[PDB]
Structure formats: C-alpha cells, structure tokens
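Source file: work_21.cif; contents: mmCIF, C-alpha atoms; chains and numbers go by the auth columns.
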data_model
#
loop_
_atom_site.group_PDB
_atom_site.id
_atom_site.type_symbol
_atom_site.label_atom_id
_atom_site.label_comp_id
_atom_site.label_asym_id
_atom_site.label_seq_id
_atom_site.Cartn_x
_atom_site.Cartn_y
_atom_site.Cartn_z
_atom_site.B_iso_or_equiv
_atom_site.auth_seq_id
_atom_site.auth_asym_id
ATOM 1 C CA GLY A 1 20.249 -31.110 71.489 0.00 88 K
ATOM 2 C CA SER A 2 21.931 -28.357 69.489 0.00 89 K
ATOM 3 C CA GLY A 3 24.438 -25.554 69.958 0.00 90 K
ATOM 4 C CA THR A 4 26.544 -23.009 68.087 0.00 91 K
ATOM 5 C CA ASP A 5 26.818 -23.354 64.309 0.00 92 K
ATOM 6 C CA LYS A 6 30.307 -23.087 62.818 0.00 93 K
ATOM 7 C CA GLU A 7 29.844 -24.451 59.298 0.00 94 K
ATOM 8 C CA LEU A 8 26.746 -22.266 58.972 0.00 95 K
ATOM 9 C CA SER A 9 29.064 -19.256 58.791 0.00 96 K
ATOM 10 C CA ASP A 10 31.392 -20.984 56.326 0.00 97 K
ATOM 11 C CA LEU A 11 28.495 -21.914 54.043 0.00 98 K
ATOM 12 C CA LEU A 12 27.263 -18.329 53.724 0.00 99 K
ATOM 13 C CA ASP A 13 30.825 -17.089 53.237 0.00 100 K
ATOM 14 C CA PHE A 14 30.958 -19.097 50.007 0.00 101 K
ATOM 15 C CA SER A 15 27.958 -17.328 48.477 0.00 102 K
ATOM 16 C CA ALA A 16 28.912 -14.027 50.109 0.00 103 K
ATOM 17 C CA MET A 17 32.110 -14.022 48.051 0.00 104 K
ATOM 18 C CA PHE A 18 30.387 -14.465 44.690 0.00 105 K
ATOM 19 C CA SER A 19 27.081 -13.106 43.383 0.00 106 K
ATOM 20 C CA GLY B 1 -1.735 -44.053 69.026 0.00 1 C
ATOM 21 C CA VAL B 2 -2.484 -40.478 67.994 0.00 2 C
ATOM 22 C CA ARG B 3 -0.607 -37.446 66.671 0.00 3 C
ATOM 23 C CA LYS B 4 -0.970 -33.794 65.675 0.00 4 C
ATOM 24 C CA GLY B 5 -2.728 -32.949 62.426 0.00 5 C
ATOM 25 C CA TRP B 6 0.751 -32.974 60.986 0.00 6 C
ATOM 26 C CA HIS B 7 0.865 -35.178 57.909 0.00 7 C
ATOM 27 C CA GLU B 8 -2.429 -33.644 56.784 0.00 8 C
ATOM 28 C CA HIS B 9 -0.829 -31.157 54.358 0.00 9 C
ATOM 29 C CA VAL B 10 2.931 -31.797 54.466 0.00 10 C
ATOM 30 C CA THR B 11 2.949 -34.831 52.188 0.00 11 C
ATOM 31 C CA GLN B 12 6.137 -36.466 50.903 0.00 12 C
ATOM 32 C CA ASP B 13 6.514 -34.464 47.690 0.00 13 C
ATOM 33 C CA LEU B 14 5.002 -31.202 48.949 0.00 14 C
ATOM 34 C CA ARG B 15 7.469 -31.443 51.837 0.00 15 C
ATOM 35 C CA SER B 16 10.430 -31.616 49.452 0.00 16 C
ATOM 36 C CA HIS B 17 9.408 -28.218 48.084 0.00 17 C
ATOM 37 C CA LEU B 18 9.863 -26.674 51.530 0.00 18 C
ATOM 38 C CA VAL B 19 13.276 -28.296 51.963 0.00 19 C
ATOM 39 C CA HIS B 20 14.568 -26.400 48.929 0.00 20 C
ATOM 40 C CA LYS B 21 13.603 -23.126 50.608 0.00 21 C
ATOM 41 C CA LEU B 22 16.040 -23.978 53.401 0.00 22 C
ATOM 42 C CA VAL B 23 18.875 -24.518 50.925 0.00 23 C
ATOM 43 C CA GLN B 24 17.964 -21.400 48.947 0.00 24 C
ATOM 44 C CA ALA B 25 18.567 -19.300 52.061 0.00 25 C
ATOM 45 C CA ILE B 26 22.272 -20.162 52.111 0.00 26 C
ATOM 46 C CA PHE B 27 22.469 -19.994 48.316 0.00 27 C
ATOM 47 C CA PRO B 28 19.547 -18.156 46.632 0.00 28 C
ATOM 48 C CA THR B 29 21.367 -17.439 43.371 0.00 29 C
ATOM 49 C CA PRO B 30 22.200 -20.341 40.996 0.00 30 C
ATOM 50 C CA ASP B 31 25.731 -21.749 40.923 0.00 31 C
ATOM 51 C CA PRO B 32 26.533 -24.685 38.575 0.00 32 C
ATOM 52 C CA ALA B 33 30.118 -24.588 39.837 0.00 33 C
ATOM 53 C CA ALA B 34 28.996 -24.847 43.463 0.00 34 C
ATOM 54 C CA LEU B 35 27.591 -28.316 42.786 0.00 35 C
ATOM 55 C CA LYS B 36 31.163 -29.451 42.156 0.00 36 C
ATOM 56 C CA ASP B 37 32.504 -27.563 45.177 0.00 37 C
ATOM 57 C CA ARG B 38 33.191 -29.778 48.190 0.00 38 C
ATOM 58 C CA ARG B 39 31.508 -27.149 50.366 0.00 39 C
ATOM 59 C CA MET B 40 28.156 -27.900 48.729 0.00 40 C
ATOM 60 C CA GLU B 41 28.527 -31.456 50.031 0.00 41 C
ATOM 61 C CA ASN B 42 28.012 -30.083 53.539 0.00 42 C
ATOM 62 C CA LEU B 43 25.136 -27.849 52.435 0.00 43 C
ATOM 63 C CA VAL B 44 22.957 -30.838 51.551 0.00 44 C
ATOM 64 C CA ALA B 45 23.786 -32.909 54.633 0.00 45 C
ATOM 65 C CA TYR B 46 23.547 -29.762 56.756 0.00 46 C
ATOM 66 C CA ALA B 47 20.048 -28.864 55.568 0.00 47 C
ATOM 67 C CA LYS B 48 19.082 -32.507 56.077 0.00 48 C
ATOM 68 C CA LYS B 49 20.042 -32.263 59.749 0.00 49 C
ATOM 69 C CA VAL B 50 18.421 -28.880 60.382 0.00 50 C
ATOM 70 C CA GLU B 51 15.344 -29.522 58.233 0.00 51 C
ATOM 71 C CA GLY B 52 14.546 -32.404 60.550 0.00 52 C
ATOM 72 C CA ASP B 53 14.969 -29.993 63.438 0.00 53 C
ATOM 73 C CA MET B 54 12.847 -27.390 61.655 0.00 54 C
ATOM 74 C CA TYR B 55 10.038 -29.806 60.806 0.00 55 C
ATOM 75 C CA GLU B 56 9.705 -31.213 64.334 0.00 56 C
ATOM 76 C CA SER B 57 9.506 -27.659 65.712 0.00 57 C
ATOM 77 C CA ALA B 58 6.026 -27.632 64.168 0.00 58 C
ATOM 78 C CA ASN B 59 3.183 -29.567 65.692 0.00 59 C
ATOM 79 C CA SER B 60 1.262 -28.747 62.527 0.00 60 C
ATOM 80 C CA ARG B 61 1.926 -28.117 58.837 0.00 61 C
ATOM 81 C CA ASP B 62 0.944 -24.498 59.490 0.00 62 C
ATOM 82 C CA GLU B 63 3.568 -23.819 62.159 0.00 63 C
ATOM 83 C CA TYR B 64 6.097 -25.583 59.931 0.00 64 C
ATOM 84 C CA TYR B 65 5.403 -23.066 57.164 0.00 65 C
ATOM 85 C CA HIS B 66 5.876 -20.125 59.535 0.00 66 C
ATOM 86 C CA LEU B 67 9.084 -21.230 61.258 0.00 67 C
ATOM 87 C CA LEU B 68 10.494 -21.954 57.801 0.00 68 C
ATOM 88 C CA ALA B 69 10.162 -18.290 56.836 0.00 69 C
ATOM 89 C CA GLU B 70 12.008 -17.116 59.950 0.00 70 C
ATOM 90 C CA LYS B 71 14.953 -19.413 59.225 0.00 71 C
ATOM 91 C CA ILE B 72 15.200 -18.484 55.546 0.00 72 C
ATOM 92 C CA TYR B 73 14.474 -14.871 56.488 0.00 73 C
ATOM 93 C CA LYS B 74 17.185 -14.494 59.134 0.00 74 C
ATOM 94 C CA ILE B 75 19.683 -16.359 56.952 0.00 75 C
ATOM 95 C CA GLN B 76 18.630 -14.323 53.916 0.00 76 C
ATOM 96 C CA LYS B 77 19.657 -11.038 55.535 0.00 77 C
ATOM 97 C CA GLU B 78 22.566 -12.678 57.357 0.00 78 C
ATOM 98 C CA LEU B 79 24.216 -13.161 53.963 0.00 79 C
ATOM 99 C CA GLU B 80 24.636 -9.385 53.785 0.00 80 C
ATOM 100 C CA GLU B 81 26.673 -9.306 56.995 0.00 81 C
ATOM 101 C CA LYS B 82 28.842 -12.150 55.703 0.00 82 C
ATOM 102 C CA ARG B 83 29.787 -10.055 52.673 0.00 83 C
ATOM 103 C CA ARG B 84 31.105 -7.236 54.857 0.00 84 C
ATOM 104 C CA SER B 85 33.069 -9.802 56.850 0.00 85 C
ATOM 105 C CA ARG B 86 35.866 -9.018 54.377 0.00 86 C
ATOM 106 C CA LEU B 87 34.615 -6.010 52.461 0.00 87 C
#

Give the structure from the file, written as structure tokens.
Amino acid sequence: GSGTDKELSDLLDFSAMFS
Amino acid sequence: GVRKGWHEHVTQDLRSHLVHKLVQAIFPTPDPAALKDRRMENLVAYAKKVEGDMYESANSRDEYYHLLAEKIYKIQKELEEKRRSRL
C-alpha cells in the first residue's frame, strides 16, 4: 500500500526555510 | 449494495474544504511565489494521493474529521523540526 515518504520531507523543507 | 454513512456529511464542496487543511499543514503561511515554484507542483498532486488515503481511512465523515486533525497536527509541529534541520 504505502511506505516511507521522501518528498514529504522536501516539501516541509521549503516552508521551513522561509516564514 | 450498501455502504457506511459516509457521504452523509462529506459532500463534494464541503469535502474540498477539508482538502485545503491537508495542504495548509505543509504550508500554513501564504506564499504567492510558491505557486510558481516547481515544488508546489508536487504539493498538489501529493495531497491528492494522500487525501484519498486519508478519506478512506474513515468509515464515516466523523472519523474523517478526526484523522484529518492528526495528520495536520503532526505535520504542523513537524515543520519546527525541519527548521532546525539546518539551523
């Protein structure tokens, strides 16, 4: 069905950088 | 034949309102520049894949509203850890 999320960490990193 | 009292209060439009909550988790604050960012392209498609996984998790509109909070909740705080990933 599903597994580990890789892009999920990259998506948050984008917002984490800026405000 | 039959099915859970699912569609009772999810509706087509009302359901779209919940979908936004999933996207807000990854990006709560507004970002007009993000819309142009290629990364955002994955955000939409991503939420579309998970949202379907989040909706099914519920056998009722009620459970769907609860599980939604957990996802947005965990991701909401997770953003804090991502910030310290580089300090």

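Selected on chain K by distance to chain C: residues 98, 99, 100, 102, 103 and 104 of chain K (within 7 Å, counting all atoms listed in the file).
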
Would you output that residue set with C-alpha atoms, as a PDB file, keeping the file's coordinate frame?
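Saved the output as part-v5.pdb:
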ATOM      1  CA  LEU K  98      28.495 -21.914  54.043  1.00  0.00           C
ATOM      2  CA  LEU K  99      27.263 -18.329  53.724  1.00  0.00           C
ATOM      3  CA  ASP K 100      30.825 -17.089  53.237  1.00  0.00           C
ATOM      4  CA  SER K 102      27.958 -17.328  48.477  1.00  0.00           C
ATOM      5  CA  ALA K 103      28.912 -14.027  50.109  1.00  0.00           C
ATOM      6  CA  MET K 104      32.110 -14.022  48.051  1.00  0.00           C
TER       7      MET K 104
END

Margin query: Could you list, as a PyMOL selection string, every residue within 9 Å of residue 18 (chain C), counting only C-alpha atoms and ignoring same-chain residues fewer than 3 positions away?
Written below: chain C and resi 14-15+21-22+65+68

Check: Quick one, how far is CA of residue 10 (chain C) from CA of residue 58 (chain C)?
Finding: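 Between CA of residue 10 (chain C) and CA of residue 58 (chain C) the gap works out to 11.0 Å.
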
Is it possible to get the axis-aligned box enclosing region 52-61 of chain C (all listed atoms, 6 Å extra per side) as AutoDock Vina command-line options, with centre and edge lengths in Å rounded to one decimal?
--center_x 8.1 --center_y -29.9 --center_z 62.3 --size_x 25.7 --size_y 17.0 --size_z 18.9

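In this model, the gap between CA of residue 56 (chain C) and CA of residue 94 (chain K) comes to 21.8 Å.
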
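Take CA of residue 24 (chain C) and CA of residue 69 (chain C): the distance between them is 11.5 Å.
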
Notebook entry, point to check: Leaving out residue 3 (chain C) and any residue of its chain fewer than 2 positions from it, which residues lie within 10 Å of it when counting only C-alpha atoms, given as a list in words?
Noted result: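 Using only C-alpha atoms, the neighbours found are residues 1, 5, 6, 7, 59 and 60 of chain C.
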